[PDB]
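Asker: Residue numbers (PDB author numbering): 144 to 252, 271 to 319, 357 to 374, 379 to 436, 458 to 489, 496 to 523, 545 to 969, 981 to 997, 999 to 1041, 1043 to 1091.
Note that the Cβ used here is the ideal one computed from N, Cα and C, for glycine as well.
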Ligand SMILES: C[C@@H](Nc1ncnc2ccc(-c3cnc(Cl)c(NS(C)(=O)=O)c3)cc12)c1ccccc1
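Okay, structure coming up:
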C-alpha cells in the first residue's frame, strides 16, 4: 500500500490516465478487464528468455531481395569489429551465425552496433538481421563493438419475451426545435431492430417515460449487440451513446442507467461505436433508461458464387448474394477469401442461425490449414464483425506472425481495438503478449497506446487498461526508459506551446523569440532533464544533451521547434547530431498512419525484388495535437531549390534541380546514383500518393536529400487537379517538353511494376485504407472510402491497369506548372 500507490502514480504518469478512477464507468468491465489481464501478462512474462528479451535482436526470416543480393561479391561481408580503438575488419558469409563469428574471432587472431542499443545475438544467420540489411541497402559498412551482454535482472518485474427499454427522458443542462430519441439494436454495423419515440419540444428536460418494445426476442440477442441511443432534432443527429445489451459476464443488462452522451460535429467513425460514456457530465447531454427484462451444386450457381467470392472488400452484398453464400456455406468454407462475405451473410438476430454459424466455426480445417492472408485476416477485425468467435479466428492467424511483421501491422492492429465490442478481447491480449515478448514491439505499443489515450475520450479508458497491463510486465529497465522519455516530452511540450503564444501567427520569428527559446533550453538541462533519453520513433538511438546553438524555432505559422541532440552513446561512430522536430498544430495520428502504409508498400515491393526508395521518416504522436518528427539530414524542399535561383516569384524553372544535384554530388559517379535514386524515389512517391489520393501537393511539401532521395512530408495538411506531382523540373532530371528519354523510360517501367505489384494486394490496401479512415480520419463517407478501388482499377485486367497509370502520367505533363502555380497562388 505504501509503495503500491507510489507505483500506481508511476503507472499513471506514464499512461496519462488514472485507471483506478471510477468516476466515468457504470459497470465492472474496465476493472474486470484489468483483473483478467494478469494471467496473460504473467504467462508471457514467465515465458520470456531473459537474455534474448534484454537484447531484443531485430531479425527477419524473409529472403534477401534480388536487388540487395547483387551487392555482394563472394559471400563477403566486412564487419568492422571495435574494442576501445583497436578496429579490426573480418570477412564473414551470409550464413554465419553471430556466435560463430565470435568463435572465429578469438580463433583467428556479444556484438553490438556502434552508437545504438541494437545487438546481433541469438541463433540467427547474419543476413537475417535488419540492421545488416539496412547497411547493405544504403551501401554502408557494418561497425560493431564487442561488449558484455546487459544484465537480465534489470528487467525485473514487481426468454421468449421481446426486448423492451424504458426511455425516461433526456437532460441537456443548457440549450445555448423539437427532439426525438432513436434506439437501435446493432450488431457490427447492421441494425437488427429499430424503434423511435414521439417528438417533444426541446427543453433542458424532456421526459417521455415510454416503453420501446422491439420485435426481436431476448433469446435472439447475440453477444456484442449494442443498444445505440440517438437524439435527433427537427432532421439531424445531435447526440449518441451505446450500451452493451449483453454484459461481459454474458448477463443481460438491466437496471437504471443515466448515460452521458457524445456530441456530433457536422459517417463511418469508430468513435461512434464506443461503449464509453462522455466524462464531461457538467456540459454534456444525458439520457435516462430502464431495463426491466431478465448435395451437389449447379455449375451456373457455382460461378455466381465464385463471382461473389472473387469481388473486392468494399463491393456490397445484395440479399440475393447473401442467401446464396449462406445456403452454400459449407462450400464457401473451402475458400478462405469467402469468410468475410460469408459471416456477413449471417442473420445475427436469430439464435438458430448463430448456432449453425458456430457449427460452421467448429469445422475449420481449411481456414487453419490456409496460409496467412493479413488482408483477409484484417477484414474480420473491422467494424463489420462484432462476433467474439468470428474475430477470434482472425487473431488465430495473427499468432503465426513473426515480430518483423507484427511491427509492420502494429499501428493498424492497435487501432482495430476500437472495433472490438468488449474491453477484454483476443486482439487486446494478442498485443499485450507480443509487446511483452519483444521490447521493440513493446516500445511502439506504449506510444501508440499513449497516443490514443492522450487524445481519445471515446477509447482512452480501454487503451489505458491495456497500457497499464503492458507496463506492469515490461520490466523495471523499460519503466525507467519510458519515464525518462515521457519527462523529456512533457518538458519540451511546455516550451513549444509557450513559445507559440509569444508571437502572432502572421508575424515571423524575431529577436524576441530566438532569445526566449534558447533561454528556456538552458534552464531545462541543468534542472531535471535526464542525461539520455531513448528516441521514441527510433528506440535504438539514445539522445544526449541539446546542442543549444543549433536549436531554433521554425518560420512557420505552427512555430514548431527544430531541436538537435548529441548522441548519448560514446561509441557512436560520428558526431552528426540527432535532429528532432517538436510540433503542436497538426494531428500526427493521421501522418503516422500514412507513413505506416508507406512502409507496408515498401514491404510489398520487397516481395517482388523492388526498391522504390521512400523515406517514411520517424513520426510519433505523443499527446494532444503534439508530437515529434525525425529530421532527415541534408534535406531541403523543392520550393527552396526553386527559391535558391529565382526567388519568391513563381515563374518555375526546369533545370534548377539538376544543378542542385550536380552541385551537391562530388563525383560524377555519385551524380549518376543521385539521379538513379531520384528516379526511383519519385516513382515510388508517384504510385503511393496516387493510390492513397494525396498526390496533388504543394512542392514545399515535397523534400529531397542531397543524395537524390525525394520524399513527401506533412500529410496533416491535405487530410485544377492532377493525379500526382511530376513537375517539369523532375522530368528534366529524367532528361525531358513532351518527349521520351533513357531515364524517363525506366521511370515508366518502375512505375508500372510498382502499380501492378500493389494491385496484387488490392484487398489488403483497400482494407487498410478503409480502416485508416474509420479509426484515423474524422474528416468519413462511403465515397471517401470507395475512392481507392477506382485508383487500384478493381475489375480491370493487367493491361488496362498498366495503361490507366500511363494516362495519369500524361495528365501531369499536360498540366506542367499549371496546378503547382495555382498552389503558389494560394498565398492570398
Ligand atoms: C521542413 C523543414 N525541414 C525538414 N528537414 C529534414 N527532415 C524533415 C523531416 C520531416 C519534416 C516534416 C514532416 N511532417 C511534418 Cl507535418 C512537418 N511539419 S512542420 C513543417 O515542421 O511544421 C515537417 C520536415 C523536415 C525545412 C525547413 C526549412 C527549409 C526547408 C525545410
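#1: What's the call for residue 989, buried or exposed, on a 16-neighbour Cβ count within 10 Å?
#2: How far does the beta strand (DSSP E) with residue 380 in it reach, from first residue to last?
#3: Would you list the one or two residues that DSSP bridges to residue 214?
#4: Quick one: Cα of residue 379 to Cα of residue 403, how far?
#5: Give a yes or no on contact between the region 871-888 and the region 819-835, applying the rule of three or more CB pairs nearer than 8 Å.
#6: What separation, rounded to the nearest whole angstrom, lies between the Cα atoms of residue 483 and residue 849?
#7: Taking only the alpha-carbon atoms, compute the straight-line gap between residue 697 and residue 737 and give it to the nearest angstrom.
#8: According to DSSP, is residue 179 helix, strand or coil?
#9: Verify the contact flag: residue 885, CB atom, against every heavy atom of ligand 2, threshold strictly below 6 Å.
#10: Around the Cβ of residue 769, are there at least 16 other Cβ atoms within 10 angstroms (buried) or fewer (exposed)?
#11: Label residue 552 either buried or exposed according to how many other C-beta atoms from any shown protein chain fall within 10 Å of its C-beta, with 16 as the threshold for buried.
#12: When the Cα of residue 884 is compared with those of 145, 826 and 839, which residue comes out closest?
#13: When the Cβ atoms of the region 683-698 are set against those of the region 709-728, are three or more pairs found closer than 8 Å?
#14: Just how far apart, CA to CA, sit residue 573 and residue 1031?
#15: Could you have a look at residue 640 and say whether DSSP puts it in helix, strand or coil?
#16: Following a CB-centred definition, is residue 964 positioned closer than 6 Å to any heavy atom of ligand 1?
#17: Regarding residue 890 and ligand 1, is the C-beta to nearest heavy atom distance less than 6 Å?
#18: Terminal residues of the continuous beta strand (DSSP E) containing residue 303?
#19: Assign residue 905 to buried or exposed, taking buried as 16 or more other Cβ atoms, counted over all protein chains shown, within 10 Å of its Cβ.
#20: If you count every other CB in all the chains shown that lies within 10 Å of the CB of residue 458, and 16 or more means buried, which is it?
#21: For residue 793, write down the residues that DSSP places opposite it in a beta bridge.
#22: Please report the residue range of the alpha helix (DSSP H) in which residue 1003 lies.
#23: With a threshold of 16 other CB atoms inside 10 Å of the CB of residue 201, please say whether the residue is buried or exposed.
#24: Using C-beta distances below 7 Å, list every residue in its chain close to residue 766, excluding the 5 sequence neighbours before and after it, in chain order.
#25: Whole angstroms is fine: what's the gap from residue 401's alpha carbon to residue 499's?
#26: Do residue 1003 and residue 960 have their CB atoms nearer than 7 Å?
#27: My output table needs one value for residue 313: the three-state DSSP class, helix, strand or coil.
#28: Considering only heavy atoms of ligand 1, does any lie closer than 6 Å to the CB of residue 830?
#29: Compare the Cα-Cα distances from residue 249 to each of 610, 1013 and 231 and report the closest residue.
#30: Rounded C-beta distance between residue 966 and residue 841? I'm assuming under 8 Å.
#31: With a threshold of 6 Å, establish whether the CB of residue 210 neighbours any heavy atom of ligand 1.
#32: Cutting at 7 Å between CB atoms, please list the residues of its own chain near residue 962, excluding the five before and the five after it.
#33: Which same chain residues end up closer than 7 Å to residue 660 when comparing Cβ atoms and leaving out the 5 residues on each side of it in sequence?
#34: Does DSSP put residue 1062 in a helix, a strand or coil?
#35: Which residue wins for smallest C-alpha separation from residue 619, given the options 798, 391 and 584?
Answerer: Per the coordinate set shown:
#1: For the purposes of this step, residue 989 is taken as the residue at position 728 of the chain shown. Classification of residue 989: buried, given that the 10 Å Cβ count is 16 or more.
#2: Translated into the one-based positions of the chain shown, residue 380 becomes position 178. It spans 380-389 - the beta strand (DSSP E) in which residue 380 sits, taken as one unbroken run.
#3: Locating residue 214 in the chain shown gives position 71, counting from the first residue. In DSSP, residue 214 forms no bridge with anything.
#4: For this step, residue 379 is matched to residue 177 along the chain shown. For this step, residue 403 is matched to residue 201 along the chain shown. Answer to the nearest angstrom: the Cα atoms are 7 Å apart.
#5: Touching, yes.
#6: In the chain shown, the residue the question calls residue 483 occupies position 260. In the chain shown, the residue the question calls residue 849 occupies position 599. Near 40 Å, if we compare the C-alpha coordinates of residue 849 and residue 483.
#7: For the purposes of this step, residue 697 is identified with residue 447 of the chain shown, where counting begins at 1. For the purposes of this step, residue 737 is identified with residue 487 of the chain shown, where counting begins at 1. Distance between the alpha carbons of residue 697 and residue 737 is about 14 Å.
#8: Within the chain shown, residue 179 is the residue found at index 36, counting from 1. Three-state DSSP puts residue 179 in a helix.
#9: For ligand 2, the structure offers nothing, since it holds only ligand 1.
#10: Working through the chain shown from its first residue, we reach residue 769 at position 519. Classification of residue 769: exposed, given that the 10 Å Cβ count is below 16.
#11: The residue given as residue 552 occupies position 302 in the chain shown. Burial state of residue 552 is exposed, judged by a 10 Å Cβ sphere holding fewer than 16 other Cβ atoms.
#12: Against the chain shown, residue 884 aligns to sequence position 634. The candidate whose alpha carbon is nearest that of residue 884 is 826.
#13: The answer is yes - the region 709-728 touches the region 683-698, with three or more Cβ pairs under 8 Å.
#14: For the purposes of this step, residue 573 is taken as residue 323 along the chain shown, with counting starting at 1. For the purposes of this step, residue 1031 is taken as residue 769 along the chain shown, with counting starting at 1. Cα to Cα, residue 573 sits roughly 29 Å from residue 1031.
#15: For the purposes of this step, residue 640 is taken as residue 390 along the chain shown, with counting starting at 1. The answer is helix: DSSP assigns residue 640 an H, G or I state.
#16: Here residue 964 refers to the residue found at position 714 of the chain shown. Yes.
#17: Residue 890 sits at position 640 when you count from the first residue of the chain shown. Under cutoff, so the answer is yes.
#18: For the purposes of this step, residue 303 is taken as residue 142 along the chain shown, with counting starting at 1. Residue range 303-307 is occupied by the beta strand (DSSP E) that includes residue 303.
#19: Translated into the one-based positions of the chain shown, residue 905 becomes position 655. The C-beta of residue 905 has fewer than 16 other C-beta atoms within 10 Å across all chains shown, which makes the residue exposed.
#20: In the chain shown, counting from the first residue as 1, residue 458 sits at position 235. Counting of Cβ neighbours within 10 angstroms places residue 458 among the exposed residues, the total staying below 16.
#21: Mapped onto the chain shown, residue 793 falls at position 543. Paired residue(s): 783 and 817.
#22: The sequence position of residue 1003 within the chain shown is 741, counting from 1. From DSSP, residue 1003 is part of no alpha helix (DSSP H); its letter is neither H nor E.
#23: In the chain shown, the residue the question calls residue 201 occupies position 58. Around the beta carbon of residue 201, 16 or more other beta carbons sit within 10 angstroms, so the residue counts as buried.
#24: Taking the first residue of the chain shown as position 1, residue 766 is located at position 516. Residues of the same chain with a CB within less than 7 Å of the CB of residue 766, apart from the 5 flanking positions on each side, are 749 and 752 in chain order.
#25: Along the chain shown, one-based indexing puts residue 401 at 199. Along the chain shown, one-based indexing puts residue 499 at 270. Cα-Cα distance, rounded: 28 Å.
#26: By one-based count along the chain shown, residue 1003 stands at place 741. By one-based count along the chain shown, residue 960 stands at place 710. Contact flag unset, no.
#27: Start at 1 with the first residue of the chain shown, and residue 313 comes out as number 152. Residue 313: helix per DSSP, three-state reduction.
#28: Here residue 830 refers to the residue found at position 580 of the chain shown. Checking every heavy atom of ligand 1 against the Cβ of residue 830, none is found closer than 6 Å.
#29: Translated into positions along the chain shown, residue 249 becomes position 106. From the listed residues 610, 1013 and 231, the smallest Cα separation to residue 249 is found for 231.
#30: Stepping through the chain shown from its first residue, residue 966 is reached at position 716. Stepping through the chain shown from its first residue, residue 841 is reached at position 591. Yes, they are in contact, since the Cβ atoms of residue 966 and residue 841 sit about 6 Å apart, within 8 Å.
#31: Numbered from its first residue, the chain shown carries residue 210 at position 67. Flag unset: Cβ of residue 210 not near ligand 1.
#32: To locate residue 962, count along the chain shown from 1; it is residue 712. The residues are 935, 939, 947, 951 and 952.
#33: Indexing the chain shown from 1 puts residue 660 at position 410. Same-chain partners within the cutoff: 691, 694, 695 and 698.
#34: Along the chain shown, one-based indexing puts residue 1062 at 799. Here residue 1062 sits in helix by DSSP.
#35: As a first step, residue 619 must be located in the chain shown, where it is residue number 369. Closest in alpha carbon position to residue 619, among 798, 391 and 584, is 584.
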